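This report refers to the structure that appears directly beneath it.
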Amino acid sequence: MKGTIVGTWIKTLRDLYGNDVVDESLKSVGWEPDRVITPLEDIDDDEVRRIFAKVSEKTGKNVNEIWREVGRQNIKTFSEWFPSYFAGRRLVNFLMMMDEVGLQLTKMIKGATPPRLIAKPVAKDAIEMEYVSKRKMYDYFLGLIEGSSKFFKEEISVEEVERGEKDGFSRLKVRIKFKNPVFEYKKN
Ligand code: HEM
């Protein structure tokens, strides 16, 4: 990953799991517990992987479970660093815009590699959102969704539809139902 995102993860882990757990885990991979990560740095995905593995060991929580929790809380962290994205009224609009934001950053930020988050309405009160990535952060993705619902104070039901790997790409499709109708058939 790029530096920006790893910065948020470290912060979120600490908020979640305390300072000693994180300090220790970063040292285990040879990092400085209080490393200053710059946005445009490139960070070894395997190093991150080993960090989270250590957090798993120290806390006794399954790594997948940690990512789920990290995903939920990281929305709070990210909204504090980058408030403008969260400035809108609605959860649905937030979610529907995310794919565009991702495409744009791939273009703007050298080396940046965010997943596709393809969203499309499937009923008056529902969209499908498909995560597509070379990485595979199924639990993180799901966590982010819940965190978003939490931030926007809009209850949603999330049901997983498809999960699988093809051609080196991990995919996860969910159906997200909103409380009220948000879509309308309008003509082509
Ligand atoms: C709120 C504004 C957001 C911005 C500006 C943003 C942008 C980014 C960036 C820059 C990365 C890292 C790319 C890299 O380091 O190579 C990333 C990773 C990721 N983003 Fe977002 N994101 C946002 C919200 C979300 C939301 C709401 C979701 C899910 C609904 C999401 C899904 C993911 C996932 C799952 C990753 C991990 C990388 C992977 O799985 O391949 N992001 N995002």
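Identifiers in this document derive from the order of the structure tokens: chains are assigned A, B, ..., residues are numbered from 1 separately in each chain, and ligands are numbered from 1 in order of occurrence.
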
TODO: For ligand 1, collect every residue having any atom at a distance of at most 6 Å from a ligand atom (counting only C-alpha atoms and all ligand atoms); output as a list in words.
DONE: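 Result of the 6 Å neighbour search around ligand 1: residues 1, 2, 5, 85, 102, 112, 113, 114, 115, 133, 135, 136, 137, 140, 141, 144 and 145 of chain A.
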
- [ ] Can you pull out every residue within 6 Å of range 174-177 of chain A, counting only C-alpha atoms, but drop anything in the same chain fewer than 4 positions away, and send it as a list in words?
- [x]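 In the requested form, the answer reads residues 125, 126, 127, 128, 129, 156, 157, 158, 159, 160 and 161 of chain A.
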
With N, CA and C atoms retained, write the just-selected residues as an mmCIF file, in the first residue's frame.
```cif
data_model
loop_
_atom_site.group_PDB
_atom_site.id
_atom_site.type_symbol
_atom_site.label_atom_id
_atom_site.label_comp_id
_atom_site.auth_asym_id
_atom_site.auth_seq_id
_atom_site.Cartn_x
_atom_site.Cartn_y
_atom_site.Cartn_z
ATOM 1 N N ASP A 125 -34.877 0.376 -3.173
ATOM 2 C CA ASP A 125 -34.227 0.588 -1.888
ATOM 3 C C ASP A 125 -32.963 -0.247 -1.709
ATOM 4 N N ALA A 126 -32.299 -0.603 -2.807
ATOM 5 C CA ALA A 126 -31.109 -1.450 -2.705
ATOM 6 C C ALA A 126 -30.088 -1.273 -3.828
ATOM 7 N N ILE A 127 -28.817 -1.436 -3.479
ATOM 8 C CA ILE A 127 -27.761 -1.512 -4.471
ATOM 9 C C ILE A 127 -26.979 -2.796 -4.261
ATOM 10 N N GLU A 128 -26.268 -3.218 -5.297
ATOM 11 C CA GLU A 128 -25.227 -4.209 -5.133
ATOM 12 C C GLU A 128 -23.903 -3.474 -5.191
ATOM 13 N N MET A 129 -22.972 -3.879 -4.339
ATOM 14 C CA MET A 129 -21.626 -3.345 -4.383
ATOM 15 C C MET A 129 -20.636 -4.491 -4.471
ATOM 16 N N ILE A 156 -28.676 -0.175 7.821
ATOM 17 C CA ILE A 156 -28.783 -0.903 6.560
ATOM 18 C C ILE A 156 -28.735 -2.400 6.823
ATOM 19 N N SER A 157 -29.240 -3.187 5.886
ATOM 20 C CA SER A 157 -29.020 -4.624 5.958
ATOM 21 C C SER A 157 -28.053 -5.015 4.851
ATOM 22 N N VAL A 158 -27.020 -5.765 5.209
ATOM 23 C CA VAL A 158 -26.006 -6.164 4.247
ATOM 24 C C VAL A 158 -26.005 -7.672 4.100
ATOM 25 N N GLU A 159 -26.254 -8.164 2.895
ATOM 26 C CA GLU A 159 -26.184 -9.603 2.685
ATOM 27 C C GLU A 159 -25.187 -9.939 1.586
ATOM 28 N N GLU A 160 -24.233 -10.802 1.913
ATOM 29 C CA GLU A 160 -23.229 -11.222 0.952
ATOM 30 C C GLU A 160 -23.848 -12.155 -0.085
ATOM 31 N N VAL A 161 -23.502 -11.918 -1.349
ATOM 32 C CA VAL A 161 -24.092 -12.613 -2.488
ATOM 33 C C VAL A 161 -23.087 -13.530 -3.181
#
```

Task: Option closest in space to residue 19 in chain A, from A:109, A:55, A:98, A:40 [counting only C-alpha atoms] - done: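 Of the candidates, the smallest distance to residue 19 in chain A is held by A:55.
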
- [ ] Compile the contact shell of residue 11 in chain A as a list in words: residues with an atom at most 9 Å away, counting only C-alpha atoms, same-chain residues fewer than 5 positions apart removed.
- [x] residues 6, 16, 74 and 77 of chain A

Any chance you could export the current selection's N, CA and C atoms as an mmCIF file, in the first residue's frame?
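Contents of the output file again24.cif:
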```cif
data_model
loop_
_atom_site.group_PDB
_atom_site.id
_atom_site.type_symbol
_atom_site.label_atom_id
_atom_site.label_comp_id
_atom_site.auth_asym_id
_atom_site.auth_seq_id
_atom_site.Cartn_x
_atom_site.Cartn_y
_atom_site.Cartn_z
ATOM 1 N N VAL A 6 -1.751 3.130 5.455
ATOM 2 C CA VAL A 6 -1.081 2.423 6.536
ATOM 3 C C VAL A 6 -1.021 3.310 7.785
ATOM 4 N N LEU A 16 -8.240 0.741 18.819
ATOM 5 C CA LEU A 16 -8.770 -0.553 19.146
ATOM 6 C C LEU A 16 -8.098 -1.435 20.210
ATOM 7 N N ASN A 74 -12.046 2.246 11.303
ATOM 8 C CA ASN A 74 -11.193 3.046 10.436
ATOM 9 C C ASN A 74 -11.978 4.134 9.704
ATOM 10 N N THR A 77 -11.610 7.077 11.846
ATOM 11 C CA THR A 77 -10.267 7.616 11.672
ATOM 12 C C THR A 77 -10.109 8.379 10.357
#
```

TODO: Would you return as a ChimeraX atom specification the members of range 16-160 of chain A that DSSP assigns to strand (DSSP E or B) on this structure's backbone?
DONE: /A:42,116-123,126-133,157-160

TODO: Provide the CA of residue 48 in chain A to CA of residue 31 in chain A distance in Å, to one decimal place.
DONE: 10.5 Å

Select from chain A everything DSSP, run on the backbone, classes as alpha helix (DSSP H), then give the selection as a compact mmCIF listing (two decimals) with N, CA, C and O atoms, in the first residue's frame.
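Listed below is the output, states-v2.txt:
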```txt
# COMPACT_ATOMS: atom_id res chain seq x y z
N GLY A 3 1.53 5.05 1.76
CA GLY A 3 1.68 5.46 3.15
C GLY A 3 0.42 5.94 3.84
O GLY A 3 0.19 5.65 5.02
N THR A 4 -0.42 6.68 3.11
CA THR A 4 -1.62 7.25 3.70
C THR A 4 -2.43 6.22 4.47
O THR A 4 -2.72 6.40 5.65
N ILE A 5 -2.79 5.15 3.79
CA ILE A 5 -3.66 4.16 4.37
C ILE A 5 -3.03 3.43 5.54
O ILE A 5 -3.68 3.16 6.48
N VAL A 6 -1.75 3.13 5.46
CA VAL A 6 -1.08 2.42 6.54
C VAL A 6 -1.02 3.31 7.79
O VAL A 6 -1.08 2.82 8.91
N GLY A 7 -0.92 4.62 7.57
CA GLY A 7 -0.96 5.56 8.66
C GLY A 7 -2.25 5.39 9.44
O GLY A 7 -2.24 5.31 10.66
N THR A 8 -3.37 5.31 8.72
CA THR A 8 -4.66 5.19 9.39
C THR A 8 -4.82 3.86 10.13
O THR A 8 -5.38 3.82 11.23
N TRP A 9 -4.32 2.78 9.54
CA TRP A 9 -4.40 1.47 10.18
C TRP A 9 -3.70 1.46 11.54
O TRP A 9 -4.25 0.96 12.51
N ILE A 10 -2.49 2.00 11.59
CA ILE A 10 -1.72 2.03 12.85
C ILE A 10 -2.51 2.77 13.92
O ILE A 10 -2.57 2.35 15.07
N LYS A 11 -3.08 3.90 13.52
CA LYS A 11 -3.85 4.73 14.41
C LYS A 11 -5.05 3.95 14.91
O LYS A 11 -5.35 3.93 16.10
N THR A 12 -5.73 3.29 13.98
CA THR A 12 -6.93 2.55 14.32
C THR A 12 -6.66 1.35 15.22
O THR A 12 -7.47 1.00 16.09
N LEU A 13 -5.50 0.72 15.04
CA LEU A 13 -5.16 -0.46 15.83
C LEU A 13 -5.00 -0.04 17.29
O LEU A 13 -5.51 -0.70 18.19
N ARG A 14 -4.31 1.07 17.46
CA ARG A 14 -4.08 1.63 18.75
C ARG A 14 -5.39 1.98 19.41
O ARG A 14 -5.63 1.59 20.51
N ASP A 15 -6.28 2.62 18.69
CA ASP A 15 -7.53 2.98 19.30
C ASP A 15 -8.26 1.73 19.68
O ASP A 15 -8.93 1.70 20.66
N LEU A 16 -8.24 0.74 18.82
CA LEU A 16 -8.77 -0.55 19.15
C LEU A 16 -8.10 -1.43 20.21
O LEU A 16 -8.76 -2.01 21.03
N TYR A 17 -6.78 -1.52 20.17
CA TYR A 17 -6.07 -2.54 20.88
C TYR A 17 -5.02 -2.07 21.84
O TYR A 17 -4.31 -2.84 22.43
N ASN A 19 -1.77 0.75 23.08
CA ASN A 19 -0.45 1.17 22.62
C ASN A 19 0.64 0.10 22.67
O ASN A 19 1.51 0.06 21.80
N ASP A 20 0.59 -0.77 23.66
CA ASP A 20 1.59 -1.76 23.84
C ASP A 20 1.51 -2.81 22.76
O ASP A 20 2.48 -3.27 22.28
N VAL A 21 0.30 -3.19 22.40
CA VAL A 21 0.07 -4.18 21.36
C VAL A 21 0.64 -3.73 20.02
O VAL A 21 1.28 -4.50 19.31
N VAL A 22 0.41 -2.47 19.70
CA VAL A 22 0.84 -1.92 18.42
C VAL A 22 2.34 -1.69 18.39
O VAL A 22 3.02 -2.10 17.45
N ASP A 23 2.87 -1.07 19.43
CA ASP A 23 4.30 -0.87 19.58
C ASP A 23 5.08 -2.14 19.36
O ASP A 23 6.04 -2.17 18.65
N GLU A 24 4.64 -3.20 20.01
CA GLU A 24 5.23 -4.50 19.90
C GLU A 24 5.13 -5.10 18.52
O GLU A 24 6.07 -5.65 18.03
N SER A 25 3.98 -4.99 17.91
CA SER A 25 3.80 -5.54 16.60
C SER A 25 4.65 -4.80 15.57
O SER A 25 5.18 -5.39 14.67
N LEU A 26 4.81 -3.51 15.68
CA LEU A 26 5.62 -2.83 14.71
C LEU A 26 7.10 -3.17 14.87
O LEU A 26 7.83 -3.26 13.92
N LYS A 27 7.52 -3.35 16.10
CA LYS A 27 8.88 -3.75 16.36
C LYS A 27 9.15 -5.14 15.83
O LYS A 27 10.14 -5.37 15.25
N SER A 28 8.22 -6.05 15.99
CA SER A 28 8.38 -7.37 15.45
C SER A 28 8.74 -7.44 13.96
O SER A 28 9.37 -8.35 13.53
N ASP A 45 3.34 -4.72 1.54
CA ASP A 45 2.10 -5.37 1.97
C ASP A 45 2.34 -6.56 2.91
O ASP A 45 1.55 -6.81 3.80
N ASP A 46 3.44 -7.28 2.69
CA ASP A 46 3.79 -8.40 3.57
C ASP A 46 4.19 -7.93 4.97
O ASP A 46 3.92 -8.60 5.96
N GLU A 47 4.84 -6.77 5.06
CA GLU A 47 5.14 -6.18 6.36
C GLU A 47 3.84 -5.90 7.11
O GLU A 47 3.69 -6.28 8.27
N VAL A 48 2.89 -5.24 6.46
CA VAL A 48 1.60 -5.01 7.10
C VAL A 48 1.02 -6.35 7.54
O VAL A 48 0.55 -6.49 8.68
N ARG A 49 1.13 -7.34 6.68
CA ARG A 49 0.54 -8.62 6.91
C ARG A 49 1.09 -9.21 8.16
O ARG A 49 0.36 -9.77 8.94
N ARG A 50 2.38 -9.07 8.37
CA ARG A 50 3.05 -9.61 9.55
C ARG A 50 2.67 -8.84 10.82
O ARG A 50 2.49 -9.43 11.89
N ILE A 51 2.52 -7.53 10.69
CA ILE A 51 2.02 -6.71 11.78
C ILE A 51 0.68 -7.24 12.30
O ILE A 51 0.57 -7.66 13.46
N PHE A 52 -0.33 -7.25 11.44
CA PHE A 52 -1.65 -7.75 11.82
C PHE A 52 -1.61 -9.17 12.38
O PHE A 52 -2.39 -9.51 13.27
N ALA A 53 -0.70 -9.99 11.85
CA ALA A 53 -0.55 -11.35 12.35
C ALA A 53 -0.11 -11.33 13.81
O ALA A 53 -0.64 -12.06 14.64
N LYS A 54 0.86 -10.47 14.12
CA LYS A 54 1.32 -10.27 15.50
C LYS A 54 0.21 -9.75 16.43
O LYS A 54 0.04 -10.24 17.55
N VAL A 55 -0.55 -8.75 15.96
CA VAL A 55 -1.68 -8.23 16.73
C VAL A 55 -2.64 -9.36 17.06
O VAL A 55 -3.18 -9.43 18.17
N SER A 56 -2.85 -10.24 16.08
CA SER A 56 -3.68 -11.42 16.27
C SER A 56 -3.14 -12.28 17.41
O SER A 56 -3.89 -12.71 18.29
N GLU A 57 -1.84 -12.52 17.39
CA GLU A 57 -1.20 -13.35 18.40
C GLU A 57 -1.34 -12.75 19.79
O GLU A 57 -1.72 -13.43 20.74
N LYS A 58 -1.06 -11.45 19.91
CA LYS A 58 -1.05 -10.77 21.20
C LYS A 58 -2.43 -10.61 21.81
O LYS A 58 -2.58 -10.62 23.03
N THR A 59 -3.44 -10.45 20.96
CA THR A 59 -4.79 -10.19 21.43
C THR A 59 -5.62 -11.46 21.43
O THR A 59 -6.69 -11.52 22.04
N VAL A 63 -7.15 -13.03 12.87
CA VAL A 63 -6.75 -11.99 11.95
C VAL A 63 -7.90 -11.46 11.12
O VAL A 63 -7.99 -10.27 10.91
N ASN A 64 -8.77 -12.34 10.65
CA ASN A 64 -9.91 -11.92 9.89
C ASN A 64 -10.84 -11.07 10.73
O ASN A 64 -11.39 -10.12 10.24
N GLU A 65 -10.98 -11.41 11.99
CA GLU A 65 -11.80 -10.69 12.93
C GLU A 65 -11.24 -9.32 13.20
O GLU A 65 -11.94 -8.37 13.38
N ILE A 66 -9.94 -9.23 13.24
CA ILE A 66 -9.27 -7.97 13.47
C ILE A 66 -9.55 -7.01 12.33
O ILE A 66 -9.89 -5.85 12.55
N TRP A 67 -9.42 -7.50 11.10
CA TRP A 67 -9.69 -6.70 9.91
C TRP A 67 -11.13 -6.20 9.87
O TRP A 67 -11.37 -5.09 9.41
N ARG A 68 -12.06 -7.01 10.36
CA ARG A 68 -13.46 -6.62 10.44
C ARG A 68 -13.62 -5.45 11.39
O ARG A 68 -14.28 -4.46 11.08
N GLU A 69 -12.99 -5.56 12.56
CA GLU A 69 -12.99 -4.50 13.56
C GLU A 69 -12.22 -3.27 13.07
O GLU A 69 -12.60 -2.15 13.36
N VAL A 70 -11.12 -3.49 12.34
CA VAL A 70 -10.32 -2.38 11.85
C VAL A 70 -11.12 -1.61 10.81
O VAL A 70 -11.12 -0.39 10.81
N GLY A 71 -11.83 -2.35 9.97
CA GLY A 71 -12.70 -1.76 8.96
C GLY A 71 -13.78 -0.88 9.57
O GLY A 71 -14.05 0.21 9.07
N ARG A 72 -14.41 -1.32 10.65
CA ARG A 72 -15.46 -0.53 11.27
C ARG A 72 -14.97 0.76 11.88
O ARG A 72 -15.55 1.77 11.75
N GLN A 73 -13.86 0.68 12.54
CA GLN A 73 -13.34 1.81 13.26
C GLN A 73 -12.59 2.76 12.38
O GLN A 73 -12.48 3.91 12.66
N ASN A 74 -12.05 2.25 11.30
CA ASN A 74 -11.19 3.05 10.44
C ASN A 74 -11.98 4.13 9.70
O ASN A 74 -11.40 5.14 9.30
N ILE A 75 -13.28 3.93 9.54
CA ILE A 75 -14.16 4.97 9.00
C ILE A 75 -14.11 6.23 9.89
O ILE A 75 -14.10 7.35 9.39
N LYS A 76 -14.11 6.03 11.20
CA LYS A 76 -14.02 7.16 12.11
C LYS A 76 -12.68 7.86 11.90
O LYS A 76 -12.62 9.08 11.76
N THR A 77 -11.61 7.08 11.85
CA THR A 77 -10.27 7.62 11.67
C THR A 77 -10.11 8.38 10.36
O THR A 77 -9.53 9.46 10.32
N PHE A 78 -10.63 7.80 9.28
CA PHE A 78 -10.51 8.38 7.94
C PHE A 78 -11.33 9.65 7.78
O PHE A 78 -10.91 10.60 7.12
N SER A 79 -12.51 9.67 8.39
CA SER A 79 -13.35 10.87 8.37
C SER A 79 -12.73 12.04 9.13
O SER A 79 -13.08 13.19 8.90
N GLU A 80 -11.82 11.74 10.05
CA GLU A 80 -11.13 12.78 10.81
C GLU A 80 -9.95 13.33 10.03
O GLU A 80 -9.59 14.51 10.16
N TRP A 81 -9.34 12.49 9.20
CA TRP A 81 -8.22 12.92 8.38
C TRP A 81 -8.72 13.57 7.09
O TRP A 81 -8.15 14.55 6.62
N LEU A 91 -25.73 8.38 3.16
CA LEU A 91 -24.99 7.16 3.04
C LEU A 91 -25.00 6.60 1.61
O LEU A 91 -24.02 6.17 1.12
N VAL A 92 -26.15 6.61 0.98
CA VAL A 92 -26.23 6.05 -0.34
C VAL A 92 -25.37 6.81 -1.33
O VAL A 92 -24.67 6.24 -2.10
N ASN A 93 -25.42 8.12 -1.28
CA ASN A 93 -24.59 8.88 -2.16
C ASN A 93 -23.10 8.64 -1.89
O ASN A 93 -22.34 8.57 -2.79
N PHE A 94 -22.73 8.48 -0.64
CA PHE A 94 -21.38 8.19 -0.24
C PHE A 94 -20.88 6.93 -0.88
O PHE A 94 -19.88 6.93 -1.50
N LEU A 95 -21.63 5.87 -0.71
CA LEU A 95 -21.28 4.57 -1.24
C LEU A 95 -21.25 4.57 -2.76
O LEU A 95 -20.41 3.96 -3.35
N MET A 96 -22.18 5.27 -3.36
CA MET A 96 -22.28 5.26 -4.82
C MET A 96 -21.14 5.98 -5.52
O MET A 96 -20.83 5.69 -6.67
N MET A 97 -20.52 6.94 -4.82
CA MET A 97 -19.40 7.76 -5.30
C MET A 97 -18.04 7.13 -5.12
O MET A 97 -17.10 7.58 -5.69
N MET A 98 -17.95 6.12 -4.28
CA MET A 98 -16.65 5.61 -3.85
C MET A 98 -15.84 5.07 -5.02
O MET A 98 -14.62 5.24 -5.07
N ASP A 99 -16.50 4.44 -5.99
CA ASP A 99 -15.77 3.84 -7.10
C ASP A 99 -15.06 4.87 -7.96
O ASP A 99 -13.94 4.63 -8.40
N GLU A 100 -15.71 6.00 -8.12
CA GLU A 100 -15.21 7.10 -8.88
C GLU A 100 -13.99 7.68 -8.16
O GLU A 100 -13.01 8.00 -8.78
N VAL A 101 -14.08 7.78 -6.84
CA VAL A 101 -13.00 8.29 -6.05
C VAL A 101 -11.82 7.38 -6.20
O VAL A 101 -10.72 7.83 -6.36
N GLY A 102 -12.05 6.09 -6.20
CA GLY A 102 -10.95 5.15 -6.36
C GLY A 102 -10.22 5.24 -7.69
O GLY A 102 -9.02 5.28 -7.70
N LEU A 103 -10.96 5.27 -8.79
CA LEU A 103 -10.43 5.44 -10.12
C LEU A 103 -9.59 6.68 -10.23
O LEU A 103 -8.53 6.67 -10.77
N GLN A 104 -10.10 7.77 -9.70
CA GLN A 104 -9.42 9.05 -9.72
C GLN A 104 -8.08 9.00 -9.00
O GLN A 104 -7.11 9.47 -9.51
N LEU A 105 -8.01 8.37 -7.85
CA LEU A 105 -6.74 8.30 -7.14
C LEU A 105 -5.68 7.43 -7.81
O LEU A 105 -4.51 7.69 -7.70
N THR A 106 -6.11 6.37 -8.46
CA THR A 106 -5.21 5.52 -9.21
C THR A 106 -4.50 6.36 -10.24
O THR A 106 -3.32 6.27 -10.40
N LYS A 107 -5.23 7.24 -10.87
CA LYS A 107 -4.68 8.18 -11.82
C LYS A 107 -3.82 9.29 -11.22
O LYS A 107 -2.84 9.64 -11.80
N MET A 108 -4.20 9.80 -10.05
CA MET A 108 -3.52 10.96 -9.46
C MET A 108 -2.28 10.62 -8.61
O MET A 108 -1.35 11.38 -8.52
N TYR A 138 -11.50 -9.01 2.33
CA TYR A 138 -12.91 -9.27 2.45
C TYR A 138 -13.48 -8.73 3.74
O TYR A 138 -14.43 -8.04 3.71
N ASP A 139 -12.87 -9.05 4.85
CA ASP A 139 -13.34 -8.60 6.14
C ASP A 139 -13.21 -7.09 6.36
O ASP A 139 -14.04 -6.49 6.97
N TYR A 140 -12.15 -6.51 5.84
CA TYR A 140 -11.92 -5.07 5.95
C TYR A 140 -13.03 -4.33 5.22
O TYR A 140 -13.66 -3.43 5.76
N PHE A 141 -13.27 -4.75 3.98
CA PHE A 141 -14.32 -4.21 3.15
C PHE A 141 -15.67 -4.21 3.86
O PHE A 141 -16.33 -3.18 3.95
N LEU A 142 -16.07 -5.39 4.36
CA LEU A 142 -17.33 -5.51 5.08
C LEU A 142 -17.34 -4.58 6.29
O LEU A 142 -18.36 -3.95 6.58
N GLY A 143 -16.23 -4.51 7.01
CA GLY A 143 -16.13 -3.62 8.16
C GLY A 143 -16.35 -2.16 7.79
O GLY A 143 -17.05 -1.43 8.49
N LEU A 144 -15.75 -1.74 6.69
CA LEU A 144 -15.88 -0.36 6.21
C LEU A 144 -17.34 -0.01 5.94
O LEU A 144 -17.80 1.10 6.22
N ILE A 145 -18.06 -0.97 5.39
CA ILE A 145 -19.47 -0.76 5.10
C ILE A 145 -20.21 -0.47 6.40
O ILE A 145 -20.95 0.51 6.50
N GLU A 146 -20.00 -1.31 7.40
CA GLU A 146 -20.66 -1.12 8.70
C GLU A 146 -20.26 0.19 9.35
O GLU A 146 -21.09 0.85 9.97
N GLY A 147 -18.98 0.56 9.21
CA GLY A 147 -18.47 1.79 9.77
C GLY A 147 -19.14 2.98 9.11
O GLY A 147 -19.45 3.98 9.76
N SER A 148 -19.36 2.88 7.81
CA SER A 148 -20.02 3.94 7.05
C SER A 148 -21.45 4.13 7.53
O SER A 148 -21.88 5.25 7.81
N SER A 149 -22.18 3.02 7.63
CA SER A 149 -23.54 3.05 8.17
C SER A 149 -23.52 3.73 9.53
O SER A 149 -24.38 4.56 9.84
N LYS A 150 -22.51 3.40 10.33
CA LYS A 150 -22.41 3.96 11.66
C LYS A 150 -22.21 5.48 11.61
O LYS A 150 -22.88 6.23 12.30
N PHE A 151 -21.28 5.91 10.76
CA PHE A 151 -20.98 7.33 10.64
C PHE A 151 -22.21 8.12 10.21
O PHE A 151 -22.51 9.18 10.77
N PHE A 152 -22.92 7.61 9.21
CA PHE A 152 -24.04 8.34 8.63
C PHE A 152 -25.33 8.13 9.43
O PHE A 152 -26.35 8.73 9.13
```

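Taking CA of residue 132 in chain A and CA of residue 173 in chain A as the two end points, the separation is 8.7 Å.
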
Task: Given only C-alpha atoms as the counted atoms, nearest of A:153, A:171, A:164, A:90 to residue 130 in chain A - done: A:171
